[PDB]
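Taking it in order: structure first as structure tokens, then the write-up.
Below, each value reflects all heavy atoms present in this structure, side chains not excepted, and no hydrogens, waters or symmetry copies. Below, read A as the first sequence line, B as the second, and so on, with proteins coming before strands; counting in each chain starts at 1.
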2 protein chains.
Amino acid sequence: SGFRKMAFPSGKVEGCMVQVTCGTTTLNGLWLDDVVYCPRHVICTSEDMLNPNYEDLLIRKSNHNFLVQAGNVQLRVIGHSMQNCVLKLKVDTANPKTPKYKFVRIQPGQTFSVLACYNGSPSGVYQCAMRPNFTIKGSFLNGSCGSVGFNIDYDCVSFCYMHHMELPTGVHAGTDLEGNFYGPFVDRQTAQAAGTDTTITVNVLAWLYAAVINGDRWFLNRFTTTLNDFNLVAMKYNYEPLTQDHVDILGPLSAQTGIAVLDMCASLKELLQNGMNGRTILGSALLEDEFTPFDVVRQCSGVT
Amino acid sequence: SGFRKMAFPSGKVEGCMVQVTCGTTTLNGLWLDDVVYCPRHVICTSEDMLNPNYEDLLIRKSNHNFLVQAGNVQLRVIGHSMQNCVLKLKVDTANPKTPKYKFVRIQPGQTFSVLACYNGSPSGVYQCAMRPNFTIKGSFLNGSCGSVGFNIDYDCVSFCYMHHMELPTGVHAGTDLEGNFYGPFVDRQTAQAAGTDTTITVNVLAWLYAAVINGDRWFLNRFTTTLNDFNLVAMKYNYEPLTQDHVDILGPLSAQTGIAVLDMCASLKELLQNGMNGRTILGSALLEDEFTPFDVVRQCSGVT
Ligand SMILES: *CC(=O)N1CCN(c2ccccc2[N+](=O)[O-])CC1
Ligand SMILES: *CC(=O)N1CCN(c2ccccc2[N+](=O)[O-])CC1
């Protein structure tokens, strides 16, 4: 029993983290096979960062200007290319610690683990969600760029995120491992505002199911509702609209607990309209939205 | 910027986790050098767990009855001894993945990472605190026993916790790596109630300093207080008394922020007396007590 914000074990990713230096800029790269992936802004002076022409900046750079260090051993760079907002550094050695991996571009509301890194060294691991506005609420200082977000399926690491930016409002923006930003963000030091950060409704409901399973039940009520009625309440409180897809995904949690998705929605509706009245749920005073239904099943069943 | 409940990278510990089977009981062991450490209740039938005589049960067990599996390779057990509530299984092979390590018995209020494991396989990592009542608020299912709590200092893993029990109230009890329980708990399926779970006052204050650093400042007030005045409020709200030791430890956070410890105490006092009025602090609706001052410095400076 008990329910915790849980990150994947970080070992398989720790073995991929390297340091990339170009001129005087240092940040993190990801070494998979004979390719090191890093944010392309590794080529920028912070002057460059106001309005960088990456194509023009990168003409000035050769293979030998990319200093790649894995632990205390230097990697020989034999090629470099720009793919969207990342550089791919071809090195002469395949990472012997390359796990099975995929690159996946996640949907908003999906959760992943971040291994926060500085000079290609891990400092810590935490669990995140891709917010509906395609920001993540991270913990990142200068040098953290190139830290990666991931999921693990038994032995296969699915990389979904590379860290690039902090927005002036202290939330985080970044790319898939093809170098495409989540959201409308660019790798430029410019006015970039986040949209409305909506609550991930299906995740809150999964979390309410997690609570019931763990004995926290005070918020179960006598009521039910409809998808249309619930969605009017959701709109008013900046919750994502709930779909029959969301209902379907919550099915096994519904089946395990014997509480109908729409009953649980009616519990959520009352919590939204009445607040928690100073009570807590799984030791939280607000409604948690960074567990997926998959996350709740996994933690509540003990998948390794 | 941003502030997250962050676990140590788990790689160095993942490489130590094994499966221990005795008769039909399976749980996790920790393989360091040529010794596998596991909970001694690995020798129990769940019948045994009502009132086990471990000395008497262990007479019935030989080296070959302890099945130790690391990945899919079996370890040869050449010796077994009971130290307090753990077994030490001497194997014929030193773990090649043994990191630098110590065994440390932590104080209540100190934080550590747990690598939750099942059949010697990692499922996830989260950050915990040793509560003042020597419980931890974990996430553990059947098979999770032998999962370990740790801190990492650059390259040295300090093991502080091995998982043994869930109390009837769904909190967790366990031992240092010498097999001594934290708190008054025994490895027996009996009436065991936790004492008063008090809030770790110095950790809340460290967390308030973390908030200020990250721009969350609304709770800073015009007031100050004294250690004696603050402690009267702390007593009333089941907060640990604050000592000059606690003040000293908060010094660098005080020095970095320019907010006197006793001013911050006066902010905490008002939060205790008035509550949060529906506001949040670092995205929490309650006062977080599972970051140490060391945790706040580390995350806010980017120590690897
Ligand atoms: C996020 C991170 O670690 N990061 C981005 C900012 N950065 C940088 C970019 C261009 C020029 C200089 C610098 N810098 O100040 O180091 C460092 C890496
Ligand atoms: C915590 C854990 O994984 N654990 C403790 C309970 N347990 C056990 C002990 C004695 C006899 C049987 C069993 N069992 O049901 O497996 C399993 C291991």
Side-chain angles (χ1 to χ4, degrees), chain A residues 1-15 17 97 113-128 136-144 152 154 166-167 169-172 214-216 275-276 278 280 282-287 298-304, chain B residues 1-15 17 97 113-128 136-144 152 154 166-167 169-172 214-216 275-276 278 280 282-287 298-304:
Chain A
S1 204
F3 202 82
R4 276 279 192 186
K5 191 62 71 56
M6 197 172 270
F8 293 99
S10 64
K12 287 166 191 280
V13 186
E14 294 169 49
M17 297 311 310
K97 298 201 192 128
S113 310
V114 172
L115 186 61
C117 289
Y118 300 92
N119 306 114
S121 295
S123 50
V125 70
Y126 50 93
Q127 185 74 350
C128 273
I136 82 169
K137 299 219 190 93
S139 168
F140 296 112
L141 308 180
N142 288 321
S144 72
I152 309 186
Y154 171 44
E166 188 167 293
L167 295 185
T169 61
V171 294
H172 300 120
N214 288 263
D216 287 358
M276 319 242 322
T280 63
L282 293 169
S284 169
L286 54 65
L287 296 169
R298 188 183 310 104
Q299 179 160 168
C300 285
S301 96
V303 175
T304 69
Chain B
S1 204
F3 202 82
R4 276 279 192 186
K5 191 62 71 56
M6 197 172 270
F8 293 99
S10 64
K12 287 166 191 280
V13 186
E14 294 169 49
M17 297 311 310
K97 298 201 192 128
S113 310
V114 172
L115 186 61
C117 289
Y118 300 92
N119 306 114
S121 295
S123 50
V125 70
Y126 50 93
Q127 185 74 350
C128 273
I136 82 169
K137 299 219 190 93
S139 168
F140 296 112
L141 308 180
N142 288 321
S144 72
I152 309 186
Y154 171 44
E166 188 167 293
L167 295 185
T169 61
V171 294
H172 300 120
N214 288 263
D216 287 358
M276 319 242 322
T280 63
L282 293 169
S284 169
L286 54 65
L287 296 169
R298 188 183 310 104
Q299 179 160 168
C300 285
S301 96
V303 175
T304 69

Check: chain B: which of A:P122, A:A116, A:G15 shares the most heavy-atom pairs with it under 4.5 Å?
Finding: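 Of the options given, most contacts go to A:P122.
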Notebook entry, point to check: Which atoms of B:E166 come close to chain A, meaning under 4.5 Å heavy atom to heavy atom: side chain ones, backbone ones, both, or neither?
Noted result: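 Answer is side chain: those atoms of B:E166 sit under 4.5 Å from chain A.
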Next item on the list: Pick one of side chain, backbone, both or neither for B:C117, based on which atoms fall under 4.5 Å of a heavy atom in chain A.
Entry: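 Neither part; nothing is under 4.5 Å.
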Item checked: B:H172 versus B:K137, closest heavy-atom pair with distance ->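 Minimum heavy-atom separation between B:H172 and B:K137: ND1-C, 4.1 Å.
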Check: For B:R4, does its backbone N or O pair with a side-chain atom of B:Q299 as donor and acceptor, under 3.5 Å?
Finding: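 Yes, the answer is positive, given that a donor and an acceptor are paired below the 3.5 Å cut-off.
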Item checked: Contact leader toward chain A among B:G2, B:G11, B:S10, B:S1, where contacts are heavy-atom pairs under 4.5 Å ->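 The option with the most such pairs is B:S1.
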Notebook entry, point to check: So which of B:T304, B:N119, B:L115, B:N142 has the largest heavy-atom pair count under 4.5 angstrom toward chain A?
Noted result: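 Of the options given, most contacts go to B:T304.
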Checklist line | Under the side chain to side chain contact (heavy atoms under 4.5 Å, CB included) test, residues paired with B:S301 that sit two or more places apart | finding: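 Testing B:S301 for side chain to side chain contact (heavy atoms under 4.5 Å, CB included), a comparison that skips the adjacent residues, returns B:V303.
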Item checked: Partner residues of B:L141 under the side chain to side chain contact (heavy atoms under 4.5 Å, CB included) criterion, sequence neighbours left out ->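 B:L141 satisfies side chain to side chain contact (heavy atoms under 4.5 Å, CB included) with B:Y118 once adjacent residues are dropped.
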Next item on the list: For the residue pair B:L287 and B:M276, establish whether any side-chain heavy-atom pair is separated by less than 4.5 Å.
Entry: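 They are in contact (side-chain heavy atoms under 4.5 Å apart), so the answer is yes.
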